[PDB]
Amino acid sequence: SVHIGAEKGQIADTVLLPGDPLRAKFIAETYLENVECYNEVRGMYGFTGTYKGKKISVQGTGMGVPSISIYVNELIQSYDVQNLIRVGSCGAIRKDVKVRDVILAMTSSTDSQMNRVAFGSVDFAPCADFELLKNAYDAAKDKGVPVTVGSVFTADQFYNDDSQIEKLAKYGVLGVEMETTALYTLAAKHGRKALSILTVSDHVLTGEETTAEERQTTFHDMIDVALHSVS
C-alpha cells in the first residue's frame, strides 16, 4: 500500500493512532516489549510490539481529516486491521471539562465536507464502537481514572476565524480536535471498530494552558486505558 511500507502480517489486529509520529515512537518504546518499526515512509513511523504477550501496533496519522483518512484506509483494506484506537489530545471548550479528565468520544461534529460529499442532504453522525467504548470506560473506572463521555468537534482549520465552537460549547460538545470524524466514519463503513480517547491540552475559550507535568500524567493514563480497551 502506497503510504505504509509494511509487509503482510507486520501490523497487529489492533492499532493505536497518535497524531504525532514521534509520540508513536515514545509509546512503542516506553510501553511495548520487542518493538519493530515496519514503516518509515514519510517519517510517519509505525511500530509493532507486544503488551502482556499480545500484539499491539502503533501508527502515526498526521494532522487533519485527510491525513488520518489515508492511513485508516490502508490499515483496514491492505492489512485487515480490526481495532483502531486514536489516542491524542484536544482543546477543551467547556469550563466543566477539567484538565485531568480523559475523554472518550461517543460521536463527533465536523465542518469537514468529507461526509456531505458522500451523503449530500444528510447530516451523518459518526459513532464509536460501543464495545471498545465500554471496555475503555470500565478500564478507567476499575483503576479510578477520571473520565468524561460525550461528543467532540473535528475541525478542518486549527486557526478558525469563523469559529463556531462558541455555539457548539452551548450544545454540550466537550472539545475540539481534527481527526475523529474520519476515524469513526471509515471504521464504520468497512465494518471495523474505532474509538477516540483524548486528553485535554488546554482550554481554548479561557486561553488557559495546562502545565507539562499534567500532560505527562494524563498522557500516561490515556495509554493505559487504551491498552485495556480490548476484550
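In this text, rigid core is short for the largest set of C-alphas that superpose within 1.5 Å between two forms. Residue positions are given as counts along the sequence shown, with the first one as 1.
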So which moves more in 9 other deposited structures of this protein by CA, 93-101 or 67-75, given a superposition on the core?
93-101
Do you reckon 16-24 or 212-220 strays further from the shown form in 9 other deposited structures of this protein, measuring C-alpha RMS after a core fit?
212-220
Higher average CA B factor in the deposited record is what I'm after, so tell me if that's 161-169 or 191-199.
161-169
Average Cα temperature factor in the PDB entry - higher stretch of 28-36, 170-178
28-36
Looking at the temperature factor on the CA atom of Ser69, which third of the chain's modelled residues does it land in?
lowest
Compared with the other modelled residues in the chain, in which third is the CA B-factor of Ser57?
middle
